[PDB]
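Chemist: Once you've seen the sequence and the experimental structure below, I've got questions.
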Amino acid sequence: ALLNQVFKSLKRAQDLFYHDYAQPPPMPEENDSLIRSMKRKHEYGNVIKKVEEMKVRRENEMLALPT
Amino acid sequence: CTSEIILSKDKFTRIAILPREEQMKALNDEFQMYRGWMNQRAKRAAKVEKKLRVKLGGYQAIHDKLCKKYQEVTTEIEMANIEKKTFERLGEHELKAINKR
Amino acid sequence: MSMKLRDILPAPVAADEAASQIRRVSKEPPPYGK
Amino acid sequence: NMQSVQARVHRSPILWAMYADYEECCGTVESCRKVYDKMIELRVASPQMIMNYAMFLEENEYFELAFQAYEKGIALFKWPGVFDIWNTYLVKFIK
Amino acid sequence: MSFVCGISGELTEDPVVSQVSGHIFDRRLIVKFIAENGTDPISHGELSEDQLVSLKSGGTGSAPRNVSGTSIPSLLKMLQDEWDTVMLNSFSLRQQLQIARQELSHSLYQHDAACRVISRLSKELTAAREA
Amino acid sequence: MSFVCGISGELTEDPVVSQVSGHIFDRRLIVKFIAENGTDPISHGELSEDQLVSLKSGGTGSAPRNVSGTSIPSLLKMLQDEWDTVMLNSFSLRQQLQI
Amino acid sequence: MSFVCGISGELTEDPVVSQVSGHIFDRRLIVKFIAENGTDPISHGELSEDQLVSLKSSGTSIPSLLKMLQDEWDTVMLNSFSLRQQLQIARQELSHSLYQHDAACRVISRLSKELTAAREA
Amino acid sequence: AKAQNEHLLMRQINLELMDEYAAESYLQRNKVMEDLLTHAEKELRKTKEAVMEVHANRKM
Amino acid sequence: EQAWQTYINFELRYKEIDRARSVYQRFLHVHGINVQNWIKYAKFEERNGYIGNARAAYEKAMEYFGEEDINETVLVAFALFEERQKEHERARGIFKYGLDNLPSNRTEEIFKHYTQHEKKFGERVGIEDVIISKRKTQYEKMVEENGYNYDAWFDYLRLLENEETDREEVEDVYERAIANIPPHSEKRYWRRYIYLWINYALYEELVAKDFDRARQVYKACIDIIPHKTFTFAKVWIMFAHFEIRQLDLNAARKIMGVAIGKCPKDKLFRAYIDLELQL
Ligand SMILES: O=P(O)(O)O[C@H]1[C@H](OP(=O)(O)O)[C@@H](OP(=O)(O)O)[C@H](OP(=O)(O)O)[C@@H](OP(=O)(O)O)[C@H]1OP(=O)(O)O
């Protein structure tokens, strides 16, 4: 059965990384960023109005609009 | 294997072969490890929360004040719109009373 | 009309103060009664 | 306040020429280029200084940089003054 | 009135909807737009005077607007947005685990590499002595 | 374009308007009202599910989180406390109608 | 009928199929997947929101439903954590395996060079 | 203990995003709330005048 | 125009410069259809040192004129301003962006500034790219003016061969060049045009190494020469020797045989005899 080879391979890998066992499992940067990107799209989508407020500071006190 | 392998006696071990009291020690320390990671996160989360509470509290206190004002105003509008409709209907009845008197 | 030159090219060097640029007595009577 | 004596002082063609000569003596190439390139930016360089600059890069054998040193000189001046830069630029390229 | 016209960008006092529209129009805007254009400002459907209906507020029974920010719909909404994020995160984690687990299963040469070393060293131990 | 439902008083992502009133509704709520009563909820005119015009402009975006709402269990706590107020408000209305 | 989403592995109220793979998804997840990744989640081909084809289609107590949400949310997060834990274990096993491979290449290189000495003794 | 570690992890991501955008969106919320209140006060003033007109019409 | 410029200049004599800026912004609202008012405004911001305003002024000018009717004199002015700043990455970007939407007509201005720009900073890869691509469009202008300009085609084909341009593009350029058959049908005019075919056969034989396609170049060549009025013995000779390099004497003899049969000419006899002597 595969279990024996799996056990011996896992045990050696764990033993080689023994000093890291106390560290929590990481979150990959790809996974962390894709959570944040979805949150910025679906929850904080009101940032469209932030750049409109920035736009208003450009439209007031500055140059001509298109013609 | 991920259920079966837990450290004991400063080595990785099969959980099922250990003495019962050694299983208690192993599982206790495994529990305390995860609770340590929680505590490390919770203290950081509380730290950022405490900053947000004082950073945002002024905006929230403004919104809380506006809610109290808005509830007062809309209940006044409600009663005023009631009063308009009764006095209008009463004004019709008084007009008939003029003709009768 | 939205992006092209403003968003494509890269950024210049600074967010400083020229890059910030954004368009950069009498007497009074004493009071009533008193 | 921008007192005129120090405020003018960096327009120093005698002194920029003396500074450039010391960088040829002691600077090594990459610092010497920065000094001449700044002298162009200031518009302090004479056409003789553009040709001196190119001859420095040519004597180092940064020949391609010499051609742009002429080119940048040609952007700096206008006729008649460019004429000696064009003469040297076009013959040096041609060889 | 709190509705802002989608064309003029200013607040209405005469809001109008039509069946081919979707953005709000003013009555005093759309009737001249029908006269010059005859055409829907946004969808370019054909406009006619029977399509327009005008909005009203403050009728009997109309619920008071909840201003407190929290609500059951918005909490269920954001809990749903949490769940969508966590499943798409878990999917990309599960995908990466499958890829890593797959190639390490294929890379299990350790027992067969060892036999080749044994075969090599036992050759060496004879080659070291036939000289 | 920010809109709110005349039935619930909450924001709506899908505003709709009856042909027989000027009032605006959240689609799933008014359809359930029509499904029971067949009538406009405010003008009491006869109303059918095809007499609706869709205010298909961009709906109201999400409210910001409260600082306590940044965690899933505290959202569940917040959802429970919200629900108790909604239930007791509904109970207060039927008391007030009797009074 | 019960339909299972290929992304979540759970029942869906709004089953959708993608023509680029023939796998069944929840409309809301796949649109969010397209809106982030632009690809089919299973076949990795280009996919877009117009390509989805729609498939055809009581309560208990509010504290009870809220307690189901609590217990269910802890299950979903337990899954998310154990994936991260198993992923790092997979990466640790993999790096060990590559280390065994590279060390074996050093041995096989070393021994194969030493085996040349017997031809020049 | 495994489940709580993720709730805290998602809390951290939410708080860090909240620290970027809450200060604006709360200001955006308050601006809309001020618009509602001034519109409501406009309605209050309008109806109070209408109520007083009915008294005047009756008195007249 | 002159009224606004005099009001601006008035405020500049006081050194009011932010009030002078207000006049420009109103001036651009009424007049801003004219590009020069935007460029003069941006130059006013640049020279005072407001340079964030100057970037904004050009970028808003481009947004004002639009995406399609690109006012590229703005775009060059914008590019050269950024070149003056030493933003040079931006300056390439503006020039390079312009080249795409502008490509035929207006690029003639872009390329002269863009090539000066690269003449410093381009030096290995950027200079040779812009000059060759400038030259390429410059020869295409000559071909649009007169496809009968054989010297422009020869100089064009020289550029593309030294480029080591992709084969299918060089074939399209040779076949465009070749279609310009002289209108006079007298040999004095064909003497330059005939090497426009020979160069094509040399390219197909030596560079493309597609010998079965060099047959077709010669057959197409000989099917175009007005043989009953005159011949190029060079063509018949080169076509004959080509088949000898294919070891096909039977084809080579047929070529020289129909050469003498259509137009018995001394240069043909000498070449055919010298061939049979070598054989
Ligand atoms: O007709 P021929 O007496 O045999 O003269 C030929 C012939 O000259 P024609 O123009 O009179 O025909 C060749 O001219 P083409 O037919 O090839 O145009 C010419 O070739 P060039 O035009 O390339 O000079 C060649 O001269 P050469 O062998 O030096 O190329 C020359 O031969 P002769 O030297 O025997 O006069």
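Modeler: Done, it's in. Numbering: from 1, shown residues only, chains lettered A, B, ... in the order given.
Chemist: Which residue ranges of the chain form helices?
Modeler: Reading this off chain A. A:2-16, A:29-42, A:47-59 (DSSP state H).
Chemist: let's do chain E instead
Modeler: E:27-36, E:72-106, E:110-127.
Chemist: Ok, chain H next?
Modeler: Going by DSSP H, chain H shows helices at H:2-59.
Chemist: elements contacting whatever helix or strand residue I:47 lives in?
Modeler: For residue I:47, the enclosing helix or strand under DSSP states H and E is helix I:35-48. Contacts defined by 3 or more Cβ pairs under 8 Å, 6 or more residues apart in numbering or on different chains; DSSP states H and E place helix I:35-48 against helix I:18-31, helix I:52-65, helix I:73-85. (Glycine included, C-beta is placed from N, CA and C.)
Chemist: would you turn the ones you listed into TSV with mean neighbour count and distance to residue D:56?
Modeler: Formatted as TSV, the helices and strands packed on helix I:35-48 follow (neighbours: other Cβ atoms under 10 Å in any protein chain shown; distance: least, Cβ to Cβ, whole Å):
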stretch	mean neighbour count	distance to residue D:56
helix I:18-31	17	44
helix I:52-65	22	35
helix I:73-85	21	24
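Chemist: For chain B, which of the ones you listed is the nearest?
Modeler: helix I:52-65 (29.8 Å; Cβ to the nearest Cβ).
Chemist: tell me which strands and helices that closest one is in contact with?
Modeler: Counting by 3+ Cβ pairs under 8 Å, 6+ apart, helix I:52-65 packs on helix C:4-8, helix I:35-48, helix I:73-85.
Chemist: got the angle between that helix and helix A:47-59?
Modeler: 110 degrees (axes from the mean of the first three to the mean of the last three Cα atoms, to 10 degrees).
Chemist: Run the angle between helix I:52-65 and helix I:73-85 for me.
Modeler: Using the same axes, to 10 degrees: helix I:52-65 against helix I:73-85 is 160 degrees.
Chemist: Pull out the CA atoms of helix I:52-65 and give them to me as CSV.
Modeler: Extracted C-alpha coordinates of helix I:52-65, given in CSV (Å, rounded to 0.1, in the frame of the first residue of the first chain):
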residue,chain,number,x,y,z
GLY,I,52,2.7,69.9,-12.2
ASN,I,53,0.3,72.4,-13.9
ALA,I,54,2.2,72.0,-17.1
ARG,I,55,1.8,68.3,-17.2
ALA,I,56,-1.9,68.7,-16.3
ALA,I,57,-2.3,71.3,-19.1
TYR,I,58,-0.9,69.0,-21.8
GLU,I,59,-2.7,65.9,-20.5
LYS,I,60,-6.0,67.9,-20.3
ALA,I,61,-5.3,69.3,-23.8
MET,I,62,-5.0,65.7,-25.2
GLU,I,63,-8.2,64.7,-23.3
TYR,I,64,-9.8,67.9,-24.6
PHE,I,65,-9.0,67.2,-28.3
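Chemist: can you pull the contacts of the closest residue to chain F within the stretch 101-250 of chain I?
Modeler: Nearest to chain F, among the residues of the stretch 101-250 of chain I, is residue I:101, at 31.6 Å (Cβ to the nearest Cβ). Residues in contact with residue I:101, defined by Cβ atoms under 8 Å, 6 or more residues apart in numbering or on different chains, are I:67-68, I:70.
Chemist: burial measure for residue A:37, as a count.
Modeler: 13 (other Cβ atoms under 10 Å in any protein chain shown).
Chemist: for residue B:9, that is, sorry about that
Modeler: Around residue B:9 there are 10 residues (other Cβ under 10 Å).
Chemist: Please give the element, helix or strand, for the residue nearest to it when sequence neighbours are not counted.
Modeler: Once flanking residues are discounted, residue B:9 sits nearest to residue B:22: 7.6 Å by Cβ to Cβ, 6 or more residues apart in numbering or on different chains. Using DSSP H and E, residue B:22 sits within helix B:20-100.
Chemist: Same check on residue B:12?
Modeler: strand B:11-14.
Chemist: Buried ones in that strand, by neighbour count?
Modeler: B:12-13 (16 or more other Cβ atoms under 10 Å in any protein chain shown).
Chemist: of the contacts of residue I:101, buried ones?
Modeler: By 16+ other Cβ under 10 Å, the contacts of residue I:101 give residue I:70 as buried.
Chemist: check whether stretch I:119-127 contacts chain D.
Modeler: Yes: using Cβ under 8 Å from any Cβ of the partner chain, stretch I:119-127 comes into contact with chain D via I:119-121, I:123-124.
Chemist: and which of those residues is nearest to residue F:76?
Modeler: Residue F:76 lies nearest to residue I:121 out of those, by Cβ to Cβ, at 60.5 Å.
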